[PDB]
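Data block below; observations after.
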Amino acid sequence: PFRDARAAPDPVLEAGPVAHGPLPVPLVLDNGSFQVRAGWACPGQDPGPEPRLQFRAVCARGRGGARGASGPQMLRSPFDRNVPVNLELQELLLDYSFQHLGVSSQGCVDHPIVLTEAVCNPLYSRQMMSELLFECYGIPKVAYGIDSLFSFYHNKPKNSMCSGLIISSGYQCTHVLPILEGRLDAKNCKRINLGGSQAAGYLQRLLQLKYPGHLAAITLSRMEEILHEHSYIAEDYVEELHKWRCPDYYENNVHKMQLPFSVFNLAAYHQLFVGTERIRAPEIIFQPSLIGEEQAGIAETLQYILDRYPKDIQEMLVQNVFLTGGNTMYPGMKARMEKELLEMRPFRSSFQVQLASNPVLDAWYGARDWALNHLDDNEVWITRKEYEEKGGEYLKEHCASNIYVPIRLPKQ
Amino acid sequence: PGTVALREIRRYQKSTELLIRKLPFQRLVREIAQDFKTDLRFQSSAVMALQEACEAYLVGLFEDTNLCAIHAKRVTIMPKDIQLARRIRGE
Amino acid sequence: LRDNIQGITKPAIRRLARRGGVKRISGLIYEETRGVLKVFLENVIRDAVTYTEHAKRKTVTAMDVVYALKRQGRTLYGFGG
Amino acid sequence: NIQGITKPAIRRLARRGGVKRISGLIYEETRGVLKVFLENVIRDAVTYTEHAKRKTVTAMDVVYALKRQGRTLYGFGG
DNA sequence: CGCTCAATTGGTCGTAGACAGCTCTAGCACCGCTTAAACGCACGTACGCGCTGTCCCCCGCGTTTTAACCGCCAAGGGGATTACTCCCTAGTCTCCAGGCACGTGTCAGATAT
Ligand SMILES: Nc1ncnc2c1ncn2[C@@H]1O[C@H](COP(=O)(O)OP(=O)(O)O)[C@@H](O)[C@H]1O
């Protein structure tokens with residue numbers, strides 16, 4: 001059968017840690033349309049033991065006058081299309097995270113922080129986010145970067161001017177990130193508007209249409225079992241759905257987990273047979289025309305960005321295709337990706353596909369190991385005295401982070 | 001100005017004769033009959049009974065299309081107003 | 001040639017529209033109307049011929065079409081029957 | 001007493017018809033549509049019943065009324 | 001913000017077409033009157049499945065406060081109207097010509113007065 005989810009962890013702490021040399025340990029925080037992930041950096045230790053608040057970033061409140069329902073225990077979330085675009089829920093999300101991390105004594109957030117932002121972040125959203133971060137929370141200095149570049153910075157061979165493609169996936173997007181000598185080539189980076197939410201919503205809608213006996217019993221929190229544990233991505237899609245065509249393959253390979261139980265009962269508590277369906281929700285990022293929506297998908301975007309470039313700079317970067325975030329958790333992902341890439345490389349040419357050491361957590365460990373090294377790069381971090389003149393759109397172009405564009409925003 | 005068409009409405013609502021040219025209509029009636037079946041030929045009264053039924057039917061369609069556009073807060077008809085006027089009739 | 005139903009002229013369809021009481025007419029409406037006008041004969045001439053084919057005559061009478069119009073729920077006076 | 005056909009029942013009929021958003025003046029105006037339809041099939045049926053001279057309004061008299069309106073039905077009498 | 005002007009909607013004269021009373025005809029089913037068939041109104045006589053209040057939990061409803069939406073504000077630029085420019089085909093009416101029907105043909109060859 002299905003399991004069910006679990007909640008109410010013990011992230012209860014004293015007001016904060018203290019470490020040798022400069023005393024203020026930085027906070028490391030990831031945004032996330034699926035889940036937020038956070039912690040104190042734990043500097044001077046490599047085996048960073050306790051990331052905390054690894055929680056589904058969706059909230060409510062008790063409208064009868066009870067409590068703010070920020071943490072784990074209809075619903076709203078502070079992100080749209082992977083960019084934060086909210087205040088009235090973003091506040092109680094950050095307050096909840098800061099309660100469990102601890103604040104040292106009073107009505108200001110004492111320690112410096114590193115925080116994730118979108119592959120490109122709309123100028124106004126950084127303005128609103130920095131305005132919350134400095135008007136309300138009052139942090140002394142702040143750093144920004146991308147989950148994908150942080151998880152790459154974690155998985156690099158060396159702390160050097162490496163180059164590659166980063167392939168990223170998550171709730172409402174996947175992005176292809178051409179990085180040249182540590183610099184994101186933002187003029188020819190691309191994204192597809194599909195990923196985890198679309199795959200889960202699609203797998204739901206398939207089972208809603210295929211099994212009209214159980215229409216309220218199936219829900220996204222049950223789709224996540226079959227999506228993250230029973231599904232796999234094809235090595236070649238027409239080759240997998242071809243071998244599903246014969247019943248002797250089907251009945252042996254099909255997954256068959258019962259609904260939660262109380263005519264041989266399964267007409268009410270069905271095994272919800274999935275065979276091609278446990279491939280279709282994975283394929284969405286490769287063929288978005290499995291949904292209605294026309295976009296190139298990962299294979300044609302990967303080809304499209306490469307033919308922007310001279311043939312030598314292709315060969316020296318395609319040596320590091322890195323897989324990270326979200327849907328890259330599917331079993332068989334590397335074996336699909338390297339086949340789709342072999343089909344479009346020059347005939348004898350070499351390439352290598354690298355999968356993250358932990359495709360969900362490595363963004364935090366990347367930002368952590370980054371902050372542990374860049375701790376006193378006082379030119380890199382956005383300092384509170386810089387936000388005292390810079391309007392909140394501002395960014396500084398440090399390694400493993402987004403590209404600033406010189407610009408100014410009217411606000412009153 | 002762009003609106004004195006409202007005087008055409010009143011003129012062609014005062015008028016009650018048939019509006020399509022008899023020869024074009026008779027040619028079309030015969031062509032549709034002849035590719036349907038061989039040696040069908042029409043008395044003038046049958047072509048007139050056809051044309052009166054056609055033009056009364058189209059005046060009904062235009063009245064129905066008028067109410068669809070008026071309901072859509074328009075003062076203009078587009079082919080979509082006719083396609084509602086068909087589906088809402090079941091045509 | 002003009003046999004493409006365009007022989008049902010723009011101003012004639014527009015005059016039927018004006019008797020029908022409609023104001024501004026978009027330029028695709030004439031052709032959409034010619035589509036309906038064919039289909040009305042694909043009902044009426046076709047069934048009228050099934051009444052002509054009751055007697056198996058060469059002449060279509062006003063009776064033959066009035067019977068088709070009667071079964072199609074659009075009865076007509078002045079011709080009798 | 002029309003209020004015996006309920007606010008959720010008038011919503012349910014529209015939801016069985018597949019409707020998304022609505023505005024609540026639909027409910028009493030729909031009771032108006034239903035009132036004239038229901039009155040028509042009743043008055044037609046009683047008109048067929050009184051030709052058969054019985055005081056007991058009877059299923060086939062309702063069938064003759066519905067069949068005059070072009071509608072065919074079964075299980076009751078059919 | 002109410003005029004002058006350039007155009008109809010509506011008015012008077014015109015002319016012959018399209019009625020409606022003849023002016024009968026004569027074909028026919030209507031009206032009269034018995035004849036005759038069989039079932040309509042009458043009607044017991046079998047016995048009932050609509051309605052009358054007990055017992056018990058179901059559905060509709062009011063209340064509440066989020067948050068999508070229709071009604072609305074104004075502007076956006078392209079496609080429908082108002083009007084002129086020119087090309088053709090709808091209607092006139094003509095002669096051609098042929099199918100349906102009626103009729104004389106006739107005399108033959110098949111049938112019976
Ligand atoms: N298992 C998962 N399933 C779905 N999405 C996930 C999963 N793990 C991580 N993500 C995705 O990671 C994406 C980007 O990285 P994330 O850790 O959330 O930081 P950020 O949004 O700031 O870039 C998000 O869009 C999120 O949905």
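Identifiers for the structure tokens are assigned positionally: chains receive A, B, ... in sequence, residues are indexed from 1 per chain, and ligands are indexed from 1 in the order shown.
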
Could you give me, as a PDB file with C-alpha atoms, in the first residue's frame, every polymer residue with an atom at most 6 Å away from an atom of ligand 1, counting only C-alpha atoms (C1' of nucleotides) and all ligand atoms?
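Result file follows (part-v3.pdb):
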ATOM      1  CA  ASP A  30      17.365  28.093   0.783  1.00  0.00           C
ATOM      2  CA  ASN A  31      14.086  29.379  -0.567  1.00  0.00           C
ATOM      3  CA  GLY A  32      11.981  26.742  -2.375  1.00  0.00           C
ATOM      4  CA  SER A  33       8.636  26.445  -4.191  1.00  0.00           C
ATOM      5  CA  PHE A  34       8.596  22.780  -3.022  1.00  0.00           C
ATOM      6  CA  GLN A  35      10.509  22.995   0.316  1.00  0.00           C
ATOM      7  CA  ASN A  82      10.106  29.940  -8.672  1.00  0.00           C
ATOM      8  CA  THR A 116      19.017  31.521  -2.623  1.00  0.00           C
ATOM      9  CA  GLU A 117      17.361  33.384  -5.552  1.00  0.00           C
ATOM     10  CA  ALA A 118      16.012  32.396  -9.009  1.00  0.00           C
ATOM     11  CA  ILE A 146      21.509  30.052  -7.252  1.00  0.00           C
ATOM     12  CA  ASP A 147      20.789  26.512  -5.866  1.00  0.00           C
ATOM     13  CA  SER A 169      14.799  21.052 -12.102  1.00  0.00           C
ATOM     14  CA  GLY A 170      12.038  21.935  -9.602  1.00  0.00           C
ATOM     15  CA  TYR A 171       8.429  22.862  -8.932  1.00  0.00           C
ATOM     16  CA  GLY A 196       7.841  18.658 -10.111  1.00  0.00           C
ATOM     17  CA  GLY A 325      17.573  19.764  -8.179  1.00  0.00           C
ATOM     18  CA  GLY A 326      14.106  18.193  -8.077  1.00  0.00           C
ATOM     19  CA  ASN A 327      13.212  15.764 -10.895  1.00  0.00           C
ATOM     20  CA  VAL A 360      18.026  17.882  -3.189  1.00  0.00           C
TER      21      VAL A 360
END

Quick check for you: according to DSSP on this backbone, which residues of chain C are classed as strand (DSSP E)? Reply as a PDB file with C-alpha atoms, in the first residue's frame.
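As a result, out13.pdb now contains:
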ATOM      1  CA  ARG C  24     -21.664  46.223 -37.654  1.00  0.00           C
ATOM      2  CA  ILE C  25     -20.887  43.102 -39.833  1.00  0.00           C
ATOM      3  CA  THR C  59     -40.450  17.852 -61.782  1.00  0.00           C
ATOM      4  CA  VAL C  60     -39.988  19.042 -58.182  1.00  0.00           C
TER       5      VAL C  60
END

Once DSSP has gone over the backbone, tell me which residues of region 17-76 of chain B are in alpha helix (DSSP H), as a PDB file with C-alpha atoms, in the first residue's frame.
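Now in states.pdb:
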ATOM      1  CA  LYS B  22     -33.309  34.872 -58.532  1.00  0.00           C
ATOM      2  CA  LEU B  23     -30.841  33.637 -61.188  1.00  0.00           C
ATOM      3  CA  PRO B  24     -27.905  33.106 -58.697  1.00  0.00           C
ATOM      4  CA  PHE B  25     -30.280  31.352 -56.273  1.00  0.00           C
ATOM      5  CA  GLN B  26     -31.808  29.177 -59.043  1.00  0.00           C
ATOM      6  CA  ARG B  27     -28.274  28.292 -60.337  1.00  0.00           C
ATOM      7  CA  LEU B  28     -27.207  27.287 -56.804  1.00  0.00           C
ATOM      8  CA  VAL B  29     -30.448  25.271 -56.196  1.00  0.00           C
ATOM      9  CA  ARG B  30     -29.931  23.387 -59.491  1.00  0.00           C
ATOM     10  CA  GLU B  31     -26.183  22.789 -58.885  1.00  0.00           C
ATOM     11  CA  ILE B  32     -26.909  21.364 -55.369  1.00  0.00           C
ATOM     12  CA  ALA B  33     -29.737  19.220 -56.831  1.00  0.00           C
ATOM     13  CA  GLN B  34     -27.702  17.922 -59.833  1.00  0.00           C
ATOM     14  CA  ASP B  35     -24.617  16.760 -57.839  1.00  0.00           C
ATOM     15  CA  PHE B  36     -27.113  15.140 -55.379  1.00  0.00           C
ATOM     16  CA  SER B  44     -40.501  28.115 -60.484  1.00  0.00           C
ATOM     17  CA  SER B  45     -42.890  27.807 -57.480  1.00  0.00           C
ATOM     18  CA  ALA B  46     -40.575  25.172 -55.891  1.00  0.00           C
ATOM     19  CA  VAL B  47     -37.501  27.464 -56.300  1.00  0.00           C
ATOM     20  CA  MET B  48     -39.570  30.322 -54.791  1.00  0.00           C
ATOM     21  CA  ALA B  49     -40.768  28.121 -51.881  1.00  0.00           C
ATOM     22  CA  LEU B  50     -37.083  27.171 -51.312  1.00  0.00           C
ATOM     23  CA  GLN B  51     -35.884  30.817 -51.475  1.00  0.00           C
ATOM     24  CA  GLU B  52     -38.648  32.109 -49.135  1.00  0.00           C
ATOM     25  CA  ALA B  53     -37.790  29.350 -46.611  1.00  0.00           C
ATOM     26  CA  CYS B  54     -34.032  30.171 -46.956  1.00  0.00           C
ATOM     27  CA  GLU B  55     -34.388  33.946 -46.510  1.00  0.00           C
ATOM     28  CA  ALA B  56     -36.871  33.590 -43.602  1.00  0.00           C
ATOM     29  CA  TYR B  57     -34.404  31.093 -42.034  1.00  0.00           C
ATOM     30  CA  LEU B  58     -31.461  33.548 -42.481  1.00  0.00           C
ATOM     31  CA  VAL B  59     -33.528  36.486 -41.049  1.00  0.00           C
ATOM     32  CA  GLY B  60     -34.103  34.210 -38.015  1.00  0.00           C
ATOM     33  CA  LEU B  61     -30.339  33.425 -37.838  1.00  0.00           C
ATOM     34  CA  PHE B  62     -29.469  37.166 -37.991  1.00  0.00           C
ATOM     35  CA  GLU B  63     -32.070  38.024 -35.266  1.00  0.00           C
ATOM     36  CA  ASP B  64     -30.556  35.218 -33.102  1.00  0.00           C
ATOM     37  CA  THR B  65     -26.997  36.451 -33.871  1.00  0.00           C
ATOM     38  CA  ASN B  66     -28.079  40.020 -32.950  1.00  0.00           C
ATOM     39  CA  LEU B  67     -29.230  38.838 -29.509  1.00  0.00           C
ATOM     40  CA  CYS B  68     -25.953  36.847 -29.037  1.00  0.00           C
ATOM     41  CA  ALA B  69     -23.847  39.976 -29.829  1.00  0.00           C
ATOM     42  CA  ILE B  70     -26.099  42.254 -27.682  1.00  0.00           C
ATOM     43  CA  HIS B  71     -25.703  39.678 -24.869  1.00  0.00           C
TER      44      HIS B  71
END

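CA of residue 68 (chain D) to CA of residue 74 (chain C) spans 17.6 Å [interatomic distance, one decimal].
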
Show me, as CSV, the residues of chain B having an atom within 10 Å of chain E, each with the closest atom pair and its distance in Å, using only C-alpha atoms (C1' of nucleotides).
residue,atom,partner,partner_atom,distance
B:1,CA,E:82,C1',8.2
B:2,CA,E:81,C1',5.0
B:3,CA,E:81,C1',7.4
B:4,CA,E:82,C1',8.8
B:5,CA,E:81,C1',8.2
B:21,CA,E:90,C1',7.0
B:22,CA,E:90,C1',8.0
B:23,CA,E:90,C1',6.8
B:24,CA,E:90,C1',8.4
B:76,CA,E:80,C1',9.0

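Counting from CA of residue 38 (chain A), the distance to CA of residue 94 (chain A) is 10.6 Å.
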
| Which polymer residues have any atom within 10 Å of an atom of residue 34 (chain C), counting only C-alpha atoms (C1' of nucleotides), with same-chain residues fewer than 5 positions away left out, as number ranges by chain? | C: 4-10, 13, 29, 39-40

| query | Near residue 21 (chain D), within 10 Å and counting only C-alpha atoms (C1' of nucleotides), which residues show up once chain neighbours fewer than 4 positions away are dropped, as a PyMOL selection string? | reply | (chain D and resi 15) or (chain E and resi 68-69)

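Distances here use only C-alpha atoms (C1' of nucleotides); by that measure, the residue among E:28, E:93, E:50, E:87 closest to chain D is E:50.
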
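Using only C-alpha atoms (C1' of nucleotides), the part of chain A that sits within 10 Å of chain E is made up of residues 63, 64 and 74 of chain A.
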
| task | Report the distance between CA of residue 124 (chain A) and CA of residue 100 (chain A) in Å, rounded to one decimal place. | result | 28.8 Å

| task | Return the neighbours of chain E among the residues of chain D, cut-off 8 Å, counting only C-alpha atoms (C1' of nucleotides), as a PyMOL selection string. | result | chain D and resi 6-8
